[PDB]
Amino acid sequence: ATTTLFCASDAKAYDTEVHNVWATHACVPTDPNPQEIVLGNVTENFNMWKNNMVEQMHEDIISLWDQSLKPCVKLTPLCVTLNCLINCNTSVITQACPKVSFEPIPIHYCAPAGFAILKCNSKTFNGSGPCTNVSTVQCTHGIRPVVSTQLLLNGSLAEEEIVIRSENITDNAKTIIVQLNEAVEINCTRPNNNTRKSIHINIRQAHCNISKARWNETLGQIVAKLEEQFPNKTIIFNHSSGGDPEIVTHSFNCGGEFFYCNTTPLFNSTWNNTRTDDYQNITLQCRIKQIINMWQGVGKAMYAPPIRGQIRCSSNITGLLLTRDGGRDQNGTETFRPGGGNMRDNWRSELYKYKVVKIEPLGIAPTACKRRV
Amino acid sequence: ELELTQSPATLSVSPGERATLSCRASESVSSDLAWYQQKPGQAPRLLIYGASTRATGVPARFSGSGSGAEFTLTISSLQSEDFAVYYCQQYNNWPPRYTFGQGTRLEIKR
Amino acid sequence: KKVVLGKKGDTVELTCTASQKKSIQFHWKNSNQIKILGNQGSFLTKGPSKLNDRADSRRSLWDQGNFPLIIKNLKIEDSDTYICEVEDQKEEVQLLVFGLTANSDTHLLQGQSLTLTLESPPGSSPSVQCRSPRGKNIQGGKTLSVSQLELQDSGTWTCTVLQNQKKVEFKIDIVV
Amino acid sequence: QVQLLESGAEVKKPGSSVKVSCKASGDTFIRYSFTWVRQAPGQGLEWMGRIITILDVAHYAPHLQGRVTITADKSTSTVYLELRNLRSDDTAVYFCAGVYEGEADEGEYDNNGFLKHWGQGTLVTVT
Ligand SMILES: *[C@@H]1O[C@H](CO)[C@@H](O[C@@H]2O[C@H](CO)[C@@H](O[C@@H]3O[C@H](CO[C@H]4O[C@H](CO)[C@@H](O)[C@H](O)[C@@H]4O)[C@@H](O)[C@H](O[C@H]4O[C@H](CO)[C@@H](O)[C@H](O)[C@@H]4O[C@H]4O[C@H](CO)[C@@H](O)[C@H](O)[C@@H]4O[C@H]4O[C@H](CO)[C@@H](O)[C@H](O)[C@@H]4O)[C@@H]3O)[C@H](O)[C@H]2NC(C)=O)[C@H](O)[C@H]1NC(C)=O
Ligand SMILES: *[C@@H]1O[C@H](CO)[C@@H](O[C@@H]2O[C@H](CO)[C@@H](O[C@@H]3O[C@H](CO)[C@@H](O)[C@H](O[C@H]4O[C@H](CO)[C@@H](O)[C@H](O)[C@@H]4O)[C@@H]3O)[C@H](O)[C@H]2NC(C)=O)[C@H](O)[C@H]1NC(C)=O
Ligand SMILES: *[C@@H]1O[C@H](CO)[C@@H](O[C@@H]2O[C@H](CO)[C@@H](O[C@@H]3O[C@H](CO[C@H]4O[C@H](CO)[C@@H](O)[C@H](O)[C@@H]4O)[C@@H](O)[C@H](O)[C@@H]3O)[C@H](O)[C@H]2NC(C)=O)[C@H](O)[C@H]1NC(C)=O
Ligand SMILES: *[C@@H]1O[C@H](CO)[C@@H](O[C@@H]2O[C@H](CO)[C@@H](O[C@@H]3O[C@H](CO)[C@@H](O)[C@H](O)[C@@H]3O)[C@H](O)[C@H]2NC(C)=O)[C@H](O)[C@H]1NC(C)=O
Ligand SMILES: *[C@@H]1O[C@H](CO)[C@@H](O[C@@H]2O[C@H](CO)[C@@H](O[C@@H]3O[C@H](CO)[C@@H](O)[C@H](O)[C@@H]3O)[C@H](O)[C@H]2NC(C)=O)[C@H](O)[C@H]1NC(C)=O
Ligand SMILES: *[C@@H]1O[C@H](CO)[C@@H](O[C@@H]2O[C@H](CO)[C@@H](O[C@@H]3O[C@H](CO)[C@@H](O)[C@H](O)[C@@H]3O)[C@H](O)[C@H]2NC(C)=O)[C@H](O)[C@H]1NC(C)=O
Ligand SMILES: *[C@@H]1O[C@H](CO)[C@@H](O[C@@H]2O[C@H](CO)[C@@H](O[C@@H]3O[C@H](CO)[C@@H](O)[C@H](O)[C@@H]3O)[C@H](O)[C@H]2NC(C)=O)[C@H](O)[C@H]1NC(C)=O
Ligand SMILES: *[C@@H]1O[C@H](CO)[C@@H](O[C@@H]2O[C@H](CO)[C@@H](O)[C@H](O)[C@H]2NC(C)=O)[C@H](O)[C@H]1NC(C)=O
Ligand SMILES: *[C@@H]1O[C@H](CO)[C@@H](O[C@@H]2O[C@H](CO)[C@@H](O)[C@H](O)[C@H]2NC(C)=O)[C@H](O)[C@H]1NC(C)=O
Ligand SMILES: *[C@@H]1O[C@H](CO)[C@@H](O[C@@H]2O[C@H](CO)[C@@H](O)[C@H](O)[C@H]2NC(C)=O)[C@H](O)[C@H]1NC(C)=O
Ligand SMILES: *[C@@H]1O[C@H](CO)[C@@H](O[C@@H]2O[C@H](CO)[C@@H](O)[C@H](O)[C@H]2NC(C)=O)[C@H](O)[C@H]1NC(C)=O
Ligand SMILES: *[C@@H]1O[C@H](CO)[C@@H](O)[C@H](O)[C@H]1NC(C)=O
Ligand SMILES: *[C@@H]1O[C@H](CO)[C@@H](O)[C@H](O)[C@H]1NC(C)=O
Ligand SMILES: *[C@@H]1O[C@H](CO)[C@@H](O)[C@H](O)[C@H]1NC(C)=O
Ligand SMILES: *[C@@H]1O[C@H](CO)[C@@H](O)[C@H](O)[C@H]1NC(C)=O
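Protein chains in written order, with the entry's author numbering: chain I, 48 to 131, 193 to 309, 325 to 359, 361 to 395, 397 to 404, 412 to 505; chain N, 1 to 95, 95A to 95B, 96 to 108; chain E, 1 to 176; chain K, 1 to 52, 52A, 53 to 82, 82A to 82C, 83 to 100, 100A to 100K, 101 to 112.
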């Protein structure tokens, strides 16, 4: 089916939190008694890159960002139907910019009246491969609408082992979604201590820390899986290959603070079966920006200056988006640069277990009876 | 729109005396007020920005404070070159709809 | 296959075509399967090749269905084919960049001979068609030489270079 | 670091179009915004408008939007002020005004609404 799904999140309806305001006006309360009917010996071809359900969540989040962070100047392109000097003049919009609170909330996409949602339960699932432990439900699990690049933040973890998912390997175009089985933490702060606005005619500085003794374990398992796909080549990580500032670096949000964290001291290491890092607090240098590029279409934007102080992001890291650099010049190597940017790929890593199906009840079969006439 | 009101029309001063000024807004406004100087036929040099931070080159003789509606200013040890027209220009509305202020001037006994 | 010509220094614009009119994923790969550009949602990712700072794209036309490839400061080393990967198609074009000039910079006289210089891309066969304002429509292969360079031979001769029914014009520095 | 250079003091009949230019140096033209303040003879400091160099946007007063427009030719680093539909009240002194913004190209923009750098003023008078 190609239907719409009503959301169902546990709101509050009293605080000035943005997601609590949005969830109260368009969401219902969560199901207090869920029922997961386990089917028998069934098999369903769960394709995940052709899932139309993720095309809906992406259009239900864009409608939230137009109710949350109103830009001061929303510069967006607009062309005129003239064959080819095509008339393409920008159309700016000036709106009030109030600094509002910002925090995601887990939502649940539920099936409408008359349809059902299937769900695989295999601990591997492979992506677009048919599983066997298919069970039906009515609402998905907790899904957070976190918007980020190069590192999938807050969310669900793998069941037993770090699995990799990609629509098609060896074609270096499709992004490789890597799901972790252990929550890698990350803390990002800037207390006060940097009220220095300009330098010559810092408040635009922040940092993050990653537990090196814990992060190497999860990275050590990723290379163990990637080498299973390429045993003779060499796994060599690298930084980004350039482009827009929202892709070259990490990018997440915390109360309107658009942290653009430089992730070069996290992917610089070359690899083999042994380590090449060192031998606790990896200082991930970040920077608050003001002129961004929207992820909800082409076009720049400009927000209000940052808050005075005490900006904290006690996050998690459940996924990882990695691209691949192949070719005829690939002399026994494997380059996995950080990618991401396509937010649909951010939610396909979350909505991979589900599928919306309808029940057709007719059926025709041959038999040995005959209508007496 | 908004309006900035000054209490005096001119300011009776003398060299070596302390001078104070105040700007009042028609509506509420935060600490986004800047004080400007003005000399005849010259460029209106910046004095304070944000009502509490001096520019690059403004001496310690010029200072001010205040928030909300009242915005004070103080001039310690009024020099000879400090006799110039002063101005109040508010900027706290997005889109920019701020207009102007009245302004004061130091006096000369004659 | 489509093919265009470069002028050793200017830009170029190789375009793809889309019909869904939705601004979807696409890429650009050379003859060695190396990424150059490509949409990633609504952002832009420059692929790891030898054309990092030269590759660019007109972002304002992606929602209409046109995904051009803007490459500035063309060189002869970039004469290679390119691949479009809009939906599932493999729209392929070919780039041929070369430069036509001479050797004697400014010191020239009256009654001297002239020589030309062409650095064609490796694996090509161009045809240089010279044209002069005096009517010296010199026809020949790649290399051309003129035996007369006088005061009457002044003016930048517009020698065009044709290959596969595709030609581009140039200029000639003549200082006497 | 930055400097300004106004245009020539030209008088025009009320009803025509007025153009005022301002060049600069010392810093890249797209690093910070620019404004316009109107100095009438004997009056205060009337705010004309404001233009961001990167985002070619402009905001004006509600009594001037049908007569002014600001462009920032970054290839020449010269802001222009096309003031058409000239009247008699518009006799004043026009001048550019700038204020630095820390690294707006990379995105560290500050939205400094005050004014620090000023030009010298061109004389505009109708007859
Ligand atoms: C992944 O998931 C994790 C969760 O597992 C996400 O982590 C969350 O991230 C949130 C934002 O990054 C963060 O939210 C902040 O929490 C602060 C602490 O909350 C606790 O204290 C409050 C008050 O005591 C309790 O009510 C509450 O129950 C908690 O126990 C809040 O204080 C923060 O609110 C302030 O910041 C936002 C930022 O925009 C403001 O909009 C908001 O209005 C508040 O602003 C005030 O404080 C700032 C601090 O400097 C001031 O600068 C500002 O001017 C305001 O100051 C006024 O008020 C203070 C009193 O608060 C007063 O002293 C001052 O004088 C002023 O009058 C904010 O809500 C979550 O805590 C955090 N969760 C966890 C578990 O860590 C993570 O983000 C996820 N990843 C992503 C990408 O989202
Ligand atoms: C992570 O990816 C980046 C992608 O940019 C990669 O960095 C670059 O790699 C290329 C590929 O080797 C380097 O290019 C060459 O590097 C050598 C060594 O310095 C230079 O001598 C070369 O310059 C000469 O050769 C060119 C022709 O090959 C000539 O045209 C040129 O004029 C010079 O004569 C050539 O540049 C490039 O230097 C690096 N750049 C950086 C900043 O590292 C990086 O290697 C990847 N990481 C890992 C771990 O592999
Ligand atoms: C999953 O993705 C894979 C890559 O991401 C896909 O692999 C592709 O598989 C096809 C089938 O072999 C390959 O096509 C081959 O291309 C060569 C090279 O073509 C050149 O030479 C021929 C003449 O030899 C010429 O006509 C052309 O114009 C080229 O100049 C051909 O010679 C072969 O006959 C064959 O067609 C692709 O190369 C390969 N992709 C890559 C990037 O290597 C795979 O198909 C995907 N899976 C599914 C199910 O679609
Ligand atoms: C096939 O799919 C079904 C989906 O329900 C799987 O059943 C689930 O199995 C897990 C064990 O991994 C059960 O979790 C356990 O629950 C019990 C009782 O609640 C508790 O004592 C344990 O601590 C643990 O939490 C889960 O309850 C169970 N689902 C239901 C509805 O009972 C089944 O395991 C899958 N088959 C295979 C081979 O994985
Ligand atoms: C993220 O942080 C890393 C920290 O290493 C930054 O890498 C460093 O960037 C600087 C600036 O380009 C590089 O300096 C340059 O080096 C070349 C020699 O290759 C020299 O010719 C230049 O004049 C300049 O000094 C520096 O080499 C580089 N570090 C390494 C190890 O390569 C990186 O730029 C940051 N990225 C972002 C997006 O913030
Ligand atoms: C790739 O990035 C990692 C990021 O951690 C680099 O590891 C860091 O390497 C530097 C080497 O200079 C370590 O500094 C060391 O500090 C100790 C104590 O102050 C000092 O005794 C040493 O002489 C050295 O200066 C740094 O601690 C280390 N990071 C962590 C978190 O331990 C790694 O070197 C990078 N690799 C490449 C090839 O760029
Ligand atoms: C590596 O990073 C972590 C966090 O990014 C650092 O942990 C932090 O360490 C400081 C220093 O002890 C802790 O402050 C102390 O907290 C206790 C408990 O509230 C308080 O009673 C003390 O007076 C003091 O303020 C801080 O809480 C702690 N962070 C967290 C989240 O617990 C760690 O120190 C870093 N490693 C190194 C070697 O610096
Ligand atoms: C895991 O997924 C891959 C594709 O993502 C499946 O691979 C194809 O499987 C069919 C039949 O199993 C083969 O005919 C194809 O040749 C396979 N293609 C590739 C590229 O491997 C694979 O079957 C899935 N695993 C399971 C257990 O179903
Ligand atoms: C990031 O911060 C969190 C808390 O904000 C840290 O979690 C605590 O870690 C200490 C060990 O240093 C434990 O004793 C605490 O019990 C943890 N908190 C909770 C609630 O369990 C975390 O260690 C920090 N990680 C990094 C890499 O900085
Ligand atoms: C993030 O990591 C940095 C780098 O280790 C921490 O800075 C250190 O903090 C400890 C205790 O606060 C000091 O003893 C070290 O001297 C600091 N290192 C440096 C280089 O200054 C920082 O504290 C960490 N963040 C948090 C929230 O703890
Ligand atoms: C981030 O990771 C921490 C653990 O590193 C998560 O904390 C766990 O939360 C579950 C949820 O019920 C508890 O059962 C565990 O006992 C917690 N462990 C610890 C050590 O605190 C935390 O929930 C993660 N954050 C998010 C948003 O998922
Ligand atoms: C599924 O197959 C197993 C294999 O023995 C069988 O025992 C079971 O009854 C089957 N399920 C159903 C619902 O019949
Ligand atoms: C990863 O780091 C931890 C310390 O944080 C260390 O105990 C462990 O041995 C490291 N992993 C490898 C493979 O060396
Ligand atoms: C490459 O890997 C295969 C196993 O996948 C192994 O048999 C072979 O020996 C390896 N090549 C070399 C040169 O060792
Ligand atoms: C990587 O490790 C293997 C042994 O696991 C070794 O044979 C190989 O030489 C190593 N690669 C390099 C480049 O040293």
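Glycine included, C-beta positions come from ideal geometry on N, C-alpha and C.
- Spatial neighbours of E/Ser23 in its own chain (CB-CB distance under 6 angstroms, excluding positions within 5 residues in sequence) are listed in chain order as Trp62, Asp63.
- In the pairwise beta carbon analysis, the segment 223–231 of chain I is classified as not touching the segment 117–129 of chain I: fewer than three pairs are separated by under 8 angstroms.
- With a threshold of 7 angstroms, the Cβ atom of K/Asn100G does not count as near ligand 2, since no heavy atom of the ligand is closer than that.
- Put simply, the segment 440–455 of chain I does not touch the segment 207–218 of chain I. Fewer than three CB pairs are less than 8 angstroms apart.
- Contact between N/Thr5 and N/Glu105 is absent: CB atoms are separated by about 20 angstroms, not below the 8 angstroms threshold.
- Taking C-alpha positions only, K/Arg38 is separated from K/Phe91 by approximately 7 angstroms.
- Residue burial is scored here from C-beta neighbours: K/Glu97 has at least 16 other C-beta atoms within 10 angstroms and is therefore classed as buried.
- Spatial neighbours of E/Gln112 in its own chain (CB-CB distance under 7 angstroms, excluding positions within 5 residues in sequence) are listed in chain order as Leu149.
- With 6 angstroms as the limit, the residues whose C-beta approaches any heavy atom of ligand 5 more closely are I/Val372, I/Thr373, I/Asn386, I/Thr388, in sequence along the chain.
- Judged by pairs of C-beta atoms under 8 angstroms, the segment 228–244 of chain I does not touch the segment 414–431 of chain I, as fewer than three such pairs exist.
- Per DSSP, the beta-bridge partners of N/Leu73 are N/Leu21, N/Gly64.
- Under a 10 Å Cβ-count criterion, I/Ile326 is classified as buried, with 16 or more other Cβ atoms of the shown protein chains found around its own Cβ.
- Taking a beta-carbon distance threshold of 8 angstroms, K/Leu63 does not count as an interface residue toward chain N.
- Here I/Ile109 carries a helix assignment [DSSP, helix/strand/coil].
- Closer than 8 angstroms to the CB of I/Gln422 there is at least one CB belonging to chain K.
- Of the residues assessed, I/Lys421 falls on the buried side of the cut-off, its CB having 16 or more other CB atoms within 10 angstroms.
- In the same chain as E/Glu87, and ignoring 5 residues on each side of it, the C-beta atoms closer than 8 angstroms to its own belong to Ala18, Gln20, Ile24, in chain order.
- Of the residues I/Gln203, I/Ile84, I/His66, I/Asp403, the one whose Cα lies closest to the Cα of I/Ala336 is I/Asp403.
- Under the DSSP definition of a beta bridge, E/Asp56 partners with E/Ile70.
- Close partners of E/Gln20 in chain I (Cβ separation under 7 angstroms) are lacking, with about 13 angstroms as the shortest Cβ gap.
- Between I/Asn280 and E/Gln33, the C-beta spacing is below 8 angstroms.
- Minimum Cα-Cα distance from I/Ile215 among the listed residues I/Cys119, I/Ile194, I/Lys97, I/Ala70 corresponds to I/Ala70.
- The Cβ neighbour count for E/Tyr82, taken over all protein chains shown within 10 Å, is at least 16; the residue is labelled buried.
- Residues of chain E whose Cβ lies closer than 8 angstroms to the Cβ of I/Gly459 are, in chain order, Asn32, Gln33, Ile34.
- Residue burial annotation: I/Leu454 is buried, with at least 16 other C-beta atoms found within 10 angstroms of its C-beta.
- About 16 angstroms separates the beta carbons of E/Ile138 and E/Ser154, which is beyond the 8 angstroms limit, so they are not a contact pair.
- The beta carbon of I/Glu290 sits no closer than 7 angstroms to any heavy atom of ligand 13.
- Distance check between I/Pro220 and each of I/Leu111, I/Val200, I/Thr248 places I/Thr248 closest, using alpha-carbon atoms only.
- Closest by C-alpha distance to K/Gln64, out of K/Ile52, K/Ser76, K/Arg82A, is K/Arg82A.
- Interface with chain K (8 angstroms Cβ-Cβ cutoff): N/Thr97 is included.
- Around the beta carbon of I/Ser481, 16 or more other beta carbons sit within 10 angstroms, so the residue counts as buried.
- Shown in chain order are the residues whose CB sits closer than 6 angstroms to a heavy atom of ligand 4: I/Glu83, I/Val85, I/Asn229, I/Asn241, I/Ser243.
- Among the residues of chain K, those whose CB is under 8 angstroms from the CB of I/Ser306 are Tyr96, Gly98, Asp100F, following chain order.
- Taking a beta-carbon distance threshold of 8 angstroms, I/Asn280 counts as an interface residue toward chain E.
- With a beta-carbon spacing of about 7 angstroms, K/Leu4 and K/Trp103 fall inside the 8 angstroms limit used to define contacts.
- Here DSSP, grouped into helix, strand and coil, assigns I/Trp96 to coil.
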